[PDB]
Protein chains: 2
Amino acid sequence: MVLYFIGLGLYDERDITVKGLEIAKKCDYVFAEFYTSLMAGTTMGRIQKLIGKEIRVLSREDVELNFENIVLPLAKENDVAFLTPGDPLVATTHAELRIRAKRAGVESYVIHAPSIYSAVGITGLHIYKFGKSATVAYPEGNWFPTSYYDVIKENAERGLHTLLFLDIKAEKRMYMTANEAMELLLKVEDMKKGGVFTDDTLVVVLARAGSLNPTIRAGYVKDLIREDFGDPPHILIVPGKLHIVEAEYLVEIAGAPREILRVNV
Amino acid sequence: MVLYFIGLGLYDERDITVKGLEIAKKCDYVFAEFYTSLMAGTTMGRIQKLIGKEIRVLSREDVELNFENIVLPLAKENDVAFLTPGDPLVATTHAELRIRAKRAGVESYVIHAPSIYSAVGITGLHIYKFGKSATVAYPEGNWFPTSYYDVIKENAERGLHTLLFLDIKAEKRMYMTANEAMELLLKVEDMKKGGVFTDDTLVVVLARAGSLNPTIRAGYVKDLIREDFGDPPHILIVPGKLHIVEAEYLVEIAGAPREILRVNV
Ligand SMILES: Nc1ncnc2c1ncn2[C@@H]1O[C@H](CSCC[C@H](N)C(=O)O)[C@@H](O)[C@H]1O
Ligand code: NA
């Protein structure tokens with residue numbers, strides 16, 4: 001009679017850890033949410049088939065407002081699993097659900113899975129050099145979010161790389177592309193004019209990490225802003241000062257202009 | 001003709017993903033390295049039994065100096081797997097190994113797995129608030145390194161969390177304990193006196209991330225410095241100012257003192 005938070009990983013149903021699969025297979029009830037991220041290489045059927053259990057999908061409202069009414073009650077008399085894309089506690093507010101479980105007398109366990117936060121390593125940028133992260137959110141009505149622009153500025157001044165999670169509106173099947181994120185950032189630049197994000201800014205795009213052939217591209221905004229990086233999900237990265245081997249990787253593996261091999265120490 | 005970089009995950013042999021396991025089983029040759037880290041919850045034998053292939057272990061020198069003479073030759077006429085703890089390419093020098101593959105006319109693919117960079121989300125600390133990461137190294141001889149102290153300073157100064165990796169002697173199987181890390185930092189604080197790490201500093205200790213029963217403890221240095229966090233490996237985190245939700249999780253899940261709800265928020 002416990003609750004398991006089990007990550008499903010980056011791209012398809014095979015990105016779940018063996019540990020997660022074995023445990024998921026032996027749970028009495030299986031719940032899941034697919035609004036915090038997008039697993040572009042799988043479907044509900046494939047996941048249900050792999051786990052061998054019927055999966056009840058919950059909405060953001062079901063979770064944020066009724067987790068303790070839909071999931072926890074069952075976690076008292078049975079073993080329950082709650083599945084999520086990537087790692088369940090990364091760039092989500094799911095950690096708080098563990099507090100709800102405790103207060104309801106339910107013990108919980110977390111089974112990790114590969115996350116986009118560490119998968120950034122495939123870009124060649126040293127992961128320890130990443131600074132504060134941020135999310136490029138879709139403007140809504142007259143409200144136009146811009147704090148993420150300041151994060152980049154803060155990190156850049158320190159020579160640190162900036163990881164930019166991109167917005168997602170699962171109910172509308174909307175997945176922000178790196179292209180759209182670049183557009184929004186250029187608009188904020190005109191606004192603030194801090195010289196933080198312009199056509200000459202070097203950026204890195206990682207799309208569909210977890211698949212065997214993810215799209216990894218590096219170059220100047222003026223050149224990538226209109227490039228096609230394939231289907232979502234995408235993440236955008238604004239590197240800080242580059243190490244020679246980081247630049248070499250971006251050129252050799254990500255197709256960056258050979259000129260970035262020259263670093264301005 | 002193909003080299004697969006496969007992550008083994010966090011703690012035991014089941015932390016590898018289903019994708020990683022199936023691919024490894026289809027490879028003609030399987031190599032592994034355990035100098036960047038060492039699965040404390042398993043053994044070479046258990047990993048070997050799980051994959052069903054003999055696993056040739058490579059030293060740091062085998063990889064860094066001879067990757068192209070040991071692994072790549074076989075990758076030309078067979079499918080080869082290179083196993084590493086955590087997520088492949090997180091370790092700073094691994095990314096360039098892909099450049100070596102390319103240079104040798106060998107295609108490479110990356111199979112991700114849980115990394116400590118994302119697993120620390122289990123501490124309840126928001127992932128986006130983490131800043132630059134660092135490693136606490138043992139002083140020795142006339143060398144007393146202290147850069148990790150400066151990292152904590154720059155991060156905390158901006159309200160960001162600092163993820164600290166603790167020194168490890170893979171060969172001698174010696175792990176630096178969180179307790180030892182604190183002592184070193186207090187000693188560095190006495191040296192630099194910047195008001196960065198003192199007895200009143202709040203810290204979080206994560207041990208055996210990945211296992212079903214990890215150790216998650218949060219508190220002030222004066223109380224945790226002599227606490228027993230169990231067997232390695234230990235990860236230390238110096239949080240920046242907390243979001244009430246982070247503090248609540250640390251209190252309810254990591255046994256942190258109520259005091260953080262008013263002092264560190
Ligand atoms: N496979 C993938 N490839 C590229 N970006 C990804 C991705 N998975 C997640 N993301 C990025 O992260 C956002 C979701 S944020 C939630 C992240 C998740 N808990 C994890 O551990 O990965 C997406 O909108 C996208 O910008
Ligand atoms: Na980081």
Side-chain angles (χ1 to χ4, degrees), chain A residues 2-60 62-63 67 70-71 74-75 78-88 90 92 94 108-116 119 168 170-171 173 175 207-214 230-233, chain B residues 4 6-9 12-27 50-52 79 81 109-114 212:
Chain A
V2 303
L3 167 65
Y4 289 107
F5 285 91
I6 305 173
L8 291 180
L10 305 165
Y11 190 68
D12 55 62
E13 74 291 338
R14 293 203 299 161
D15 294 322
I16 182 178
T17 62
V18 169
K19 177 171 293 166
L21 183 58
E22 311 287 54
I23 295 179
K25 278 178 173 175
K26 300 305 180 182
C27 287
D28 305 302
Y29 291 92
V30 176
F31 297 89
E33 61 90 351
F34 291 96
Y35 65 76
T36 54
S37 187
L38 171 65
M39 290 186 77
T42 187
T43 68
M44 205 51 52
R46 295 177 185 174
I47 301 175
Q48 276 186 171
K49 188 179 179 184
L50 176 62
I51 299 178
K53 301 283 188 180
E54 170 191 296
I55 300 175
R56 180 185 169 179
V57 182
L58 306 174
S59 67
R60 179 185 287 278
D62 292 324
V63 180
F67 194 70
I70 300 171
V71 183
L74 294 173
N78 309 297
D79 275 44
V80 186
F82 179 54
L83 321 180
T84 75
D87 178 296
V90 175
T92 66
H94 292 327
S108 66
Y109 299 79
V110 179
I111 310 306
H112 299 104
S115 168
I116 185 63
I168 171 180
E171 302 204 316
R173 291 186 176 176
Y175 311 103
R208 305 179 309 290
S211 66
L212 275 287
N213 296 292
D231 300 323
Chain B
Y4 289 103
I6 305 178
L8 292 180
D12 55 64
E13 76 290 336
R14 293 196 301 165
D15 291 335
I16 184 179
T17 67
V18 171
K19 177 179 296 165
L21 178 59
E22 305 191 325
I23 287 183
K25 285 184 175 179
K26 294 181 180 182
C27 290
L50 172 65
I51 300 181
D79 281 329
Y109 300 87
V110 177
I111 310 305
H112 299 283
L212 296 183

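Protein chains get the first letters and strands the later ones, always in sequence-line order, with residue 1 at the start of each.
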For [X] and [Y], which heavy atoms make the closest approach, and how far apart are they?
X: A:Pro88; Y: A:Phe5; value: CG-O, 4.2 Å
X: A:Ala81; Y: A:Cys27; value: CB-SG, 3.7 Å
X: A:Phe31; Y: A:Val80; value: CD1-CG1, 3.5 Å
X: A:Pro232; Y: A:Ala40; value: O-CB, 3.4 Å
X: A:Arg208; Y: A:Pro214; value: O-CB, 3.5 Å
X: B:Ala113; Y: B:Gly9; value: CB-N, 3.6 Å

Worksheet entry | Rounded distance (nearest 0.5 Å) linking atom CD1 of A:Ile70 with atom CZ of A:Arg56 | 5.0 Å

Discussion item. Distance check, rounded to the nearest 0.5 Å: A:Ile55 atom CD1 versus A:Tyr29 atom OH?
Written reply: 15.5 Å

Worksheet item: Do the side chain of A:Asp79 and the main chain of A:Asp28 share a donor and acceptor less than 3.5 angstrom apart?
Response: no

Discussion item. Could you work out, with salt bridge (charged side-chain N to carboxylate O under 4.0 Å, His left out) as the rule, every residue matching A:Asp62, not counting sequence neighbours?
Written reply: none

Item to complete: List for me each residue that meets salt bridge (charged side-chain N to carboxylate O under 4.0 Å, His left out) alongside A:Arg46, sequence neighbours excluded, and say none if there are none.
Response: none

Discussion item. I need the single residue from A:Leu8, A:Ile6, A:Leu50, A:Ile111 that forms a side-chain contact (heavy atoms from CB on, under 4.5 Å) with A:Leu21. Which is it?
Written reply: A:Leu50

Response to the item:
Those residues at least two apart in sequence (or on a different chain) that pass ring pair (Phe, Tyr, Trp, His ring centres under 6.0 Å) with A:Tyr35 are none

Worksheet, complete the sentence: Hits for side chain to side chain contact (heavy atoms under 4.5 Å, CB included) against A:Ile168, two or more places apart or cross-chain, chain-then-number order -> A:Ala170, A:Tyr175

Item to complete: Using side chain to side chain contact (heavy atoms under 4.5 Å, CB included) as the criterion, list what pairs up with A:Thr36, not counting sequence neighbours.
Response: A:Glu33, A:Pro85, A:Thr92, A:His94

Item to complete: Side-chain contact test, heavy atoms from C-beta onward, threshold under 4.5 Å: evaluate it for A:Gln48 versus A:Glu54 and give yes or no.
Response: yes

Worksheet item: With side chains defined as the heavy atoms from C-beta onward, is the minimum distance between B:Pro114 and A:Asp87 less than 4.5 Å?
Response: no

Worksheet item: When you look at A:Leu83 and A:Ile51, which way does the side chain to side chain contact (heavy atoms under 4.5 Å, CB included) test go after all the steps?
Response: CA-CA 11 Å; A:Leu83 321 180; A:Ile51 299 178; 3.5 Å; yes

Worksheet, complete the sentence: So the salt bridge (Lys or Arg N to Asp or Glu O under 4.0 Å) pairs with at least one residue in residues 5-18 of chain A (sequence neighbours excluded) are A:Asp12-B:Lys19, A:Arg14-B:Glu22, A:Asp15-B:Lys19

Worksheet entry | Ring centroid separation A:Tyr109 to A:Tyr4 under 6.0 Å | yes

